[PDB]
Each structure stands twice: as C-alpha cells, then as structure tokens.
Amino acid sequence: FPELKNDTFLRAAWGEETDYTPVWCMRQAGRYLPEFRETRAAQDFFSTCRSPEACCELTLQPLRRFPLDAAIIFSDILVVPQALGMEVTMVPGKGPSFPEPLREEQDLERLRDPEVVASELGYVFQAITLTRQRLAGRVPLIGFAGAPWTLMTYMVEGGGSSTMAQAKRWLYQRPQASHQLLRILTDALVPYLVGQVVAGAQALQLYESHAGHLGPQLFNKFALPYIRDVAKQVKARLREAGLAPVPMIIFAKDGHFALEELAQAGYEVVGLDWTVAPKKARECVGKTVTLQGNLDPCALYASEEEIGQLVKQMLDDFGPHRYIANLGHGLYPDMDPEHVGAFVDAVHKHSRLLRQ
C-alpha cells in the first residue's frame, strides 16, 4: 500500500495541529454529480456496490473534481442487514427498501450468524483495496458502517419513517429481543470494520443517523452501550492483528443530548449536525476530541459568495485546532457541484487566512 502524501485529515483527527483545516462531505460521491448517475446507470444499485471497479470509480469521482482531504468509500449502510440475510428491493426510484421487515421476535431466526457476515461482504473489502491503491497515497480513505441502532430501525421499520414508531415500539415492548438484535448487529459490525481496515481503510466512520428519535434514557440503554462496544472490540481485534488503529468517528445526527458521552465513548472524532451551535459542542465534549461538521447542507443553495461567509463564520466558531470541517448531513441530489467546490475552497482559503 502506497505511502500517504496529504495526511492533514488524519493528523487533524488525532488532535495534532495542522497548517489548514481539512474538509470532506458526507455523500461526496452522490447523485448531485452527473458523472455519478451515468455510472449508476451501469446496473441495479446493489451490484454496483457488488462490483469493485464501480465503487472505486464513484469513490474517486468527487476527488477528481475537488481537493477534498479524504475519500470515503462508496457503499450503502444497508449492505450489513442485507449480508445478514434480509432482502432489499429498489422500489419505483424511491430508494432503500426491505419488503419483509422484522416485526415479531421470532423473525430474528431469519438472520445469519453474525460471524460469517464478514465473508459475505468480500466485494467491499475488495473495493477498498482497489481504491486504496488507486488513490495512490493522495488522501486517506475512510471506511464506514451504520451504527447498531440505526440499522435496527431500517430492519424493523423496513423503509424510512418520520417517527421510528415500529422500532421504538420494540424498545418499549420487547427490550430483550431488542437487546438481542442490537448485539447481533454489533457482532456483525466489528468483523466488518476490522475487515475494512485490514483491506486498506485508514479511518472509520460510524453513522447513527437515527439518534434523534431516542431521548437520553433510551439512548443510554440501547444506543450508547453498542456504539461503545463497536469502538472497543474493533480497537482490540486490530491490536491482536498487529495492525495500527485508525481514527474512529461517531456521527450522531440530532444527538446534541448525547455529545457528552459520545466524547467518552472512545471515538477520536465526533460529528455534528448543523443544529448544535459549535461553541456549545466544544463545551459538551471538552478539549480532547476533535469535532467534525457542521454546515447546513442546504447552505449550498446560496451564492458562492454567501457560502464563503457562512463558512468563515463556522470557522471562527470552531477555532483552529481539533476540527475537521464538513456539512451537517450528506449532500442533497440537486446541489450544484460548483457550489460544493466553493464550499471546499472557502474552508481552505479561510482556515489559512485564519492562522496566518
């Protein structure tokens, strides 16, 4: 594996000082890129995806457009439940979909044993190695998965949902089954993440995109302890394996009420959405974790000149050290790539102007 040239992102992640502020975006490989759609057209979403050459291509597309400071591997968080033996359908251009969600506790019998899963996800490991090779040391490469609770919500709710009602019903009516599912998810995630790193990933992101739906009490019973194991166990297995640990990032969408513990869940970076004021967050987390975020993605709909200023403002709030710039959620499919360019330039231009 090629030696990394730009490593600003990794050093920012670990807390080390840097000459400028690194930047990347969730869903940087996404439908807002025309070239993305002309390469999605190649096949049905989940074998594309299953083709190493195709993921690599997508992963690289934005990097050809913009001096981003990391690449994140192109995948869907649904691969994991799918590897567990849950059938996905691509319903009338409306996206991810389990036609037969888990509803009663017996349903759990349907699932694969968690340890074999890693072997079902060999195409991903392959795509990572492919991609780590072709970036050829330009920037580091982030692997990723969705956090146990999040996946649980997709498996139980089937599609997406405004309230997570079916899923929370499980939490309140079937605590044990819930604990059982969550454990299965954790034990699946660990070997998948270790895998990614063994396969060449240099940083790992965990997405808890459905944090918001839980409150403090639920979140500590059913989200936290699992968010914590993943970090714990992944760090261990890497050690036993003689491999260097990679920086880990928890991103709890709408998890303002959780920042305190996330800072001590043993992740190196904590992702923020745009609804947490940056200073409030620094406060909540203290000074030995790095923060990432948190421009409102919609902000990109503004002029490039307006974009610059909002960015300037964001930087002032987070300050020089311990900070990786990013949006508050992934890019939207109707965003203009020229405005993403603007966003990227503004971070760089202004983080330097901030120091010098």
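Throughout, we count residues from 1 along the sequence that is shown.
Looking at 259-267 and 89-97 together, the entry lists the larger mean B-factor for 89-97, computed on C-alpha atoms. Once the C-alpha B-factors are averaged per stretch, 112-120 and 245-253 rank with 112-120 first. Across 103, 138, 235, 228, the entry's maximum B-factor at the CA atom is seen for 103.
Across 68, 42, 325, 299, the greatest Cα temperature factor reported in the deposited entry is at 42. When all modelled residues of the chain are sorted by CA temperature factor, residue 277 is found within the middle third. The PDB entry assigns residue 303 a C-alpha temperature factor belonging to the middle third of its chain's modelled residues.
Ranked against the other modelled residues of its chain, the C-alpha B-factor of residue 287 as given in the entry falls in the highest third. Among all modelled residues in its chain, residue 64 ranks in the lowest third by Cα B-factor. When all modelled residues of the chain are sorted by CA temperature factor, residue 78 is found within the highest third.
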